[PDB]
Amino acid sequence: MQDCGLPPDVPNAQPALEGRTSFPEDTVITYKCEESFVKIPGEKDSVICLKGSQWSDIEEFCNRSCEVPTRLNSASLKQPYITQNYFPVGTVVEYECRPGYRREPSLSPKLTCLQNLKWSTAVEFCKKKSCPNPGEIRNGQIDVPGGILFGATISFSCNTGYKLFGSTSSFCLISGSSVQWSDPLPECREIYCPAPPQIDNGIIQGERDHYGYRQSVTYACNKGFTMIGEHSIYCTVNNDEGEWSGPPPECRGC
């Protein structure tokens, strides 16, 4: 009769019958691979009802493949693997470095789909690029806790008696073609104490315009006056603020 019965049984595939058991001549039935199976590119996945109530032949067209290679932050799949989804056992794909990573020549940038439907062990075939030498801060220091490679962080400090002006840290970020420091080297500025205090009936011996950390000012009483106290005070520097070591002496008369 001008009708075919059930289409052939294909291993690891299921036909779409749309709720019927009888099909008219020329009816085309498509099969869908079952779970954990991917259709093999360049293969028939459907049958057709021909004359005599006979279906056209169809061969197994499903496998048995790995999943799409896992997402790496250092490397991207090369074409054409980056657009594929069919990865039967033995399939080997190639990677290429992302930015800012570069090839580690001693290691292969290839992964293979293993018998267990898993990709081979990952190695660091694409390593992190390195930022330029941080350099130096005059009268300050740079803290490099964990190298200067892509993603690294560094901090800046200013030695005792100096005040930091600018960024207090820097990160090695990807900069277009390469990786560069997010922020420039700051400045360590000399902290000044407030002008030294003057005293009644006494003077400051050779007063300077500016006084820095540990710099001292010496007092002297006027003729006829007796000094009671410290002959000199010095600049103490704490939490980036200048402050004199103590009060100035006193000059008592007569």
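Note that residue numbering follows the sequence shown and begins at 1. Each form is matched to the other, and the largest set of C-alpha atoms that superpose within 1.5 Å is called the rigid core.
Trainee: Between 175-183 and 89-97, pick out the one whose C-alpha positions differ more from the shown form in 6 other deposited structures of this protein, using the rigid core for superposition.
Mentor: This comes out as 89-97, the stretch further from the shown form in 6 other deposited structures of this protein.
Trainee: Fit on the core, then compare CA atoms: does 155-163 or 115-123 lie farther from this form in 6 other deposited structures of this protein?
Mentor: Between the two stretches, 115-123 moves farther in 6 other deposited structures of this protein.
Trainee: So, looking at the entry's B-factor column for Cα atoms, which has the higher mean, 169-177 or 141-149?
Mentor: Taking the mean C-alpha B-factor of 169-177 and of 141-149, the larger value falls to 169-177.
Trainee: Higher average CA B factor in the deposited record is what I'm after, so tell me if that's 110-118 or 71-79.
Mentor: Mean C-alpha B-factor is greater for 110-118.
Trainee: What's the residue among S36, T226, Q205, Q215 with the greatest CA temperature factor in the PDB record?
Mentor: Going by the entry's C-alpha B-factors, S36 comes out highest.
Trainee: Tell me which of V89, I154, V123, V93 tops the list for C-alpha B factor in the record.
Mentor: That would be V123, according to the entry.
Trainee: Check where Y219 lands among this chain's C-alpha B-factors and tell me if it's the lowest, middle or highest third.
Mentor: As the PDB entry reports it, the C-alpha B-factor of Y219 lands in the lowest third of its chain.
Trainee: Thinking about Cα B factors across the chain, which third does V237 belong to?
Mentor: It falls in the middle third of the chain.
Trainee: Among the modelled residues of this chain, does the Cα B factor of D26 put it in the lowest, middle or highest third?
Mentor: Tercile = middle for this residue's CA B-factor.
Trainee: Sorting the chain's CA B-factors, does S56 end up in the lowest, middle or highest third?
Mentor: Its C-alpha B-factor belongs to the highest third of this chain's values.
Trainee: Pull the Cα B-factor of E230 out of the PDB entry and bin it into the chain's lowest, middle or highest third.
Mentor: Within its chain, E230 is a lowest-third residue by C-alpha B-factor, going by the deposited values.
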